[PDB]
Amino acid sequence: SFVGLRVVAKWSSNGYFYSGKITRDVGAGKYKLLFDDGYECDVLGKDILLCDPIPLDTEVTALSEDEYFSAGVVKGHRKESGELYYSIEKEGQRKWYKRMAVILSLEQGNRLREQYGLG
Ligand SMILES: Clc1ccccc1CSC1=NCCN1
């Protein structure tokens, strides 16, 4: 039903939401999450957001090369070679991030639960 869909899902350890796919319904109201970095984890429906892509004007967190966390706003999407990129704005400047370098803080994800939450 929801298996195969791209989602943004909570990693319970640090409370942030990361890009992945529901691979399997595994019962207990849980889904097998394949994260885009290849990490795998069973995640509750309430911790999964079904937005693909993350919409324009969403508040997000960009991961740097150094795994620095920076807040920004989605102002663009681009398909390049079958892959999604996000234009993220901070302080009037925009930078391109691969799909998997865009995450949601606990509060940025919690804020999307009403419209996009699998629940
Ligand atoms: Cl999609 C992504 C991109 C960058 C960092 C993490 C993830 C997945 S969550 C996780 N990875 C390893 C442990 N938890």
# chains A, B, ... in the order shown; residues from 1 in each chain; ligands from 1

call {"tool": "residues_around", "arguments": {"residues": "residue 39 of chain A", "least_positions_apart": "5", "cutoff": "12 Å", "atoms": "only C-alpha atoms", "output": "mmCIF file with N, CA and C atoms, in the first residue's frame"}}
result
data_model
loop_
_atom_site.group_PDB
_atom_site.id
_atom_site.type_symbol
_atom_site.label_atom_id
_atom_site.label_comp_id
_atom_site.auth_asym_id
_atom_site.auth_seq_id
_atom_site.Cartn_x
_atom_site.Cartn_y
_atom_site.Cartn_z
ATOM 1 N N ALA A 9 11.690 10.323 7.207
ATOM 2 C CA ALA A 9 11.377 9.484 8.376
ATOM 3 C C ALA A 9 12.349 9.767 9.527
ATOM 4 N N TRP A 11 14.780 9.202 12.446
ATOM 5 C CA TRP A 11 15.804 8.384 13.126
ATOM 6 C C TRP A 11 15.683 8.631 14.636
ATOM 7 N N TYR A 18 15.015 12.024 8.012
ATOM 8 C CA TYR A 18 15.953 11.788 6.890
ATOM 9 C C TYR A 18 15.215 11.129 5.714
ATOM 10 N N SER A 19 15.745 11.361 4.515
ATOM 11 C CA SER A 19 15.165 10.878 3.247
ATOM 12 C C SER A 19 15.343 9.354 3.175
ATOM 13 N N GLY A 20 14.278 8.637 2.817
ATOM 14 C CA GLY A 20 14.344 7.171 2.656
ATOM 15 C C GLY A 20 13.130 6.653 1.906
ATOM 16 N N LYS A 21 13.000 5.328 1.816
ATOM 17 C CA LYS A 21 11.825 4.675 1.190
ATOM 18 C C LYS A 21 11.254 3.650 2.166
ATOM 19 N N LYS A 32 9.540 -1.049 7.446
ATOM 20 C CA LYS A 32 10.986 -1.132 7.166
ATOM 21 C C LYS A 32 11.381 0.140 6.401
ATOM 22 N N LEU A 33 12.280 0.940 6.954
ATOM 23 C CA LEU A 33 12.790 2.156 6.273
ATOM 24 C C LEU A 33 14.170 1.868 5.678
ATOM 25 N N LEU A 34 14.314 2.001 4.370
ATOM 26 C CA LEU A 34 15.651 2.084 3.737
ATOM 27 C C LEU A 34 16.044 3.545 3.569
#

call {"tool": "residues_near_ligand", "arguments": {"ligand": "ligand 1", "cutoff": "12 Å", "atoms": "only C-alpha atoms and all ligand atoms", "output": "number ranges by chain"}}
result
A: 6-21, 33-43, 61-69, 97-104

call {"tool": "residues_around", "arguments": {"residues": "residue 46 of chain A", "least_positions_apart": "6", "cutoff": "8 Å", "atoms": "only C-alpha atoms", "output": "NGL selection string"}}
result
:A and (113 or 117-119)

call {"tool": "write_last_selection", "arguments": {"atoms": "C-alpha atoms", "output": "PDB file, in the first residue's frame"}}
result
ATOM      1  CA  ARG A 113       2.883  15.692  10.630  1.00  0.00           C
ATOM      2  CA  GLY A 117       2.182  12.307   8.473  1.00  0.00           C
ATOM      3  CA  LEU A 118       1.451   8.604   7.824  1.00  0.00           C
ATOM      4  CA  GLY A 119       0.122   8.207  11.423  1.00  0.00           C
TER       5      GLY A 119
END

call {"tool": "residues_around", "arguments": {"residues": "residue 108 of chain A", "least_positions_apart": "3", "cutoff": "7 Å", "atoms": "only C-alpha atoms", "output": "PyMOL selection string"}}
result
chain A and resi 59-60+104-105+111

call {"tool": "residues_around", "arguments": {"residues": "residue 78 of chain A", "least_positions_apart": "2", "cutoff": "12 Å", "atoms": "only C-alpha atoms", "output": "ChimeraX atom specification"}}
result
/A:53,56,74-76,80-88,96-99

call {"tool": "select_by_dssp", "arguments": {"residues": "chain A", "states": "helix (DSSP H, G or I)", "output": "list in words"}}
result
residues 45, 46, 47, 99, 100, 101, 106, 107, 108, 109, 110, 113, 114, 115 and 116 of chain A

call {"tool": "atom_distance", "arguments": {"atom1": "atom CA of residue 25 of chain A", "atom2": "atom CA of residue 48 of chain A"}}
result
12.7 Å
